[PDB]
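Single-structure report; data block below.
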Amino acid sequence: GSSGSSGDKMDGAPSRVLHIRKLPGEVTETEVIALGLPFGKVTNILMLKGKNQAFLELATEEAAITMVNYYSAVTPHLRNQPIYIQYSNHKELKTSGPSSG
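Residue numbers (PDB author numbering): 44 to 144.
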């Protein structure tokens, strides 16, 4: 069942950090790590326990740009369930920072 797809597809300022949604209920980092090792090494990872969301960060951005693509055509599934993978708005993986100083 060939299914097309219409998307902006505006690639200008790629982001090293990648956003992930619809994560397996009670998923273990390892899982998300095994899906990132292929492309590159995971230097930073954020797993939020609430809206089934998480942000992954590979050693370099290059590893990301290539990563997404792979999924852009291939639809992965964790624990017999579909997972969401797309770019992120935040340039850097927000982890620490002074509110005022």
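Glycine included, C-beta positions come from ideal geometry on N, C-alpha and C.
Could you check which residue in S143, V60, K92 has the C-alpha nearest to that of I108?
Closest by alpha carbon: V60.
What residues match up with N87 in a beta bridge as DSSP calls it?
According to DSSP, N87 bridges with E100.
If we ignore side chains and look at the alpha-carbon of each, how far apart do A77 and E104 end up?
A77 and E104: Cα-Cα distance of roughly 18 Å.
Answer yes if the stretch 72-89 comes into contact with the stretch 48-55, meaning at least three C-beta pairs across the two stretches below 8 Å, and no otherwise.
No contact exists between the stretch 48-55 and the stretch 72-89.
According to DSSP, is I108 helix, strand or coil?
Correct three-state label for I108: helix.
From the DSSP secondary-structure annotation, give me the bridge partner or partners of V60.
Paired residue(s): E100.
Could you please give the first and the last residue of the uninterrupted alpha helix (DSSP H) stretch that includes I76?
72-77 is the extent of the alpha helix (DSSP H) around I76.
Go through its chain and collect everything with a Cβ distance to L99's Cβ below 7 Å, but skip five positions before and after it.
Here the set comprises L61, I63, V75, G79, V85, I88.
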